[PDB]
Amino acid sequence: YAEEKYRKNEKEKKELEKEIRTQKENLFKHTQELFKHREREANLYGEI
Amino acid sequence: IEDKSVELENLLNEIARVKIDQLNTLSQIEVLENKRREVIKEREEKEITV
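What counts, and where the lines are drawn
- Residues numbered from 1 in each chain as written, not as in the entry; some residues may be left out.
- Chains lettered and ligands numbered in written order.
- Part of a larger assembly, values for the part shown.
- Heavy atoms only, no water.
- Helix = DSSP H or I, 4+ residues; strand = E, 2+ residues; numbered from the N terminus.
- Buried < 20%, exposed > 50% of the residue type's maximum accessible area, 1.4 Å probe, protein only.
- Areas by Shrake-Rupley, 256 points an atom, 1.4 Å probe, with all protein chains shown as cover.
- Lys, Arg positive; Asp, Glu negative; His and termini not counted.
- Charge placed at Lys NZ, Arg CZ, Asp CG, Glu CD.
- Contact = heavy atoms within 4.5 Å.
- Buried area = accessible area lost by both parts, 1.4 Å probe.
- Salt bridge = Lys/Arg side-chain N within 4 Å of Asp/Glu carboxyl O.
- Polar contact = N/O pair within 3.5 Å; in protein donor to acceptor, adjacent residues only side chain to side chain.
- Nonpolar A, V, L, I, M, F, W, Y, C, P; charged D, E, K, R; others polar.
- Expected span 1.5 Å × (residues − 1).
- Core = buried A, V, L, I, M, F, W, Y, C linked by side-chain atoms within 4.5 Å.

Within the PDB entry, the label attached to chain B reads Coiled-coil protein, putative, and the organism entered is Tetrahymena thermophila. Its PDB title, taken directly from the record, is "Combined linker domain of N-DRC and associated proteins Tetrahymena".

Shown next, in the form of C-alpha cells:
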C-alpha cells in the first residue's frame with residue numbers, strides 16, 4: 001500500500017506539471033497576440 | 001506538488017487577465033476605428049470643399 005501511495009503521488013506531481021505547462025503556453029501565446037495588436041495600436045494612432 | 005499547484009493557479013490567473021485584456025482591447029478597437037472612418041470621411045469632405 002505504501003508503494004501504491006508513492007507511485008500515485010508521483011503521478012499527481014506529473015499531472016500538475018502538465019497542467020502548469022498548459023497554463024504557461026496559454027499565457028505566452030496570448031501575450032504575443034497582445035503585443036501584435038499593441039503594435040497595430042501604435043500604427044493606427046499614426047494613421048489617425 | 002504544492003509548489004507546482006501554486007504556480008499553476010498563478011498561470012491560470014494570468015491567462016484570465018490576458019483574455020480579459022483581449023476583450024477590452026477589441027471593444028476599444030471597435031470604437032476607435034468607427035471614429036477613424038468618420039474622420040476620414042470628413043477629411044475627403046474637406047477635400048471636396050477645397
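Asks: Outline the overall build of chain A, supporting the account with residue identities and numerical values.
Replies: Assigned secondary structure in chain A consists of one helix and zero strands. For chain A, the C-alpha atoms occupy an extent of roughly 70 × 5 × 5 Å along the three principal directions. For chain A, the residues scored as buried account for 15% of the 48 residues in total. Total accessible area on chain A stands at roughly 4,400 Å², and carbon and sulfur atoms take up 52% of it. The averaged location of the 12 negative side-chain charges in chain A is 4 Å from the averaged location of its 13 positive side-chain charges.

Asks: An account of the interface of chain B and chain A is requested, with residue identities and associated values reported.
Replies: On the chain A side, the residues contacting the 14 residues of chain B number 19 residues. For the pair chain B and chain A, the summed buried surface comes to about 1,600 Å²; carbon and sulfur atoms form 76% of the total. Considering only the surface of chain B that becomes buried against chain A, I1, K4 and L8 of chain B emerge as the three largest contributors, covering 30% of it. Linking chain B to chain A there are three salt bridges. Note that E47 of chain A is salt-bridged to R36 of chain B, the shortest N-O span being 2.2 Å. Our count for the contact surface shared by chain B and chain A stands at four residue pairs in polar contact. Broken down by class, the residue content of the side of chain B that touches chain A amounts to six nonpolar, two polar and six charged.

Asks: How would you explain helix α1 (residues 2-47) of chain A if you had to name every residue and give the values?
Replies: Under the 1.5 Å per step criterion, the end-to-end length of α1 of chain A is 68 Å for 46 residues, consistent within 8% with the ideal 68 Å. Turning to α1 of chain A, its buried residues number three or more, namely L16, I20, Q23, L27, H30, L34 and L44 of chain A. Summarising the contacts, the buried residues of α1 of chain A are in contact with α1 (2-49) of chain B.

Asks: An account of the nonpolar core is requested, with residue identities and associated values reported.
Replies: Listed in full, the eight residues of the largest apolar core are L16, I20, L27 and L34 of chain A together with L8, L11, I15 and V18 of chain B. Among the secondary structure elements, those contributing two or more residues to this core are α1 of chain A together with α1 of chain B. Contacts of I15 of chain B, omitting those with residues within four sequence positions, involve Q23, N26, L27 and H30 of chain A.

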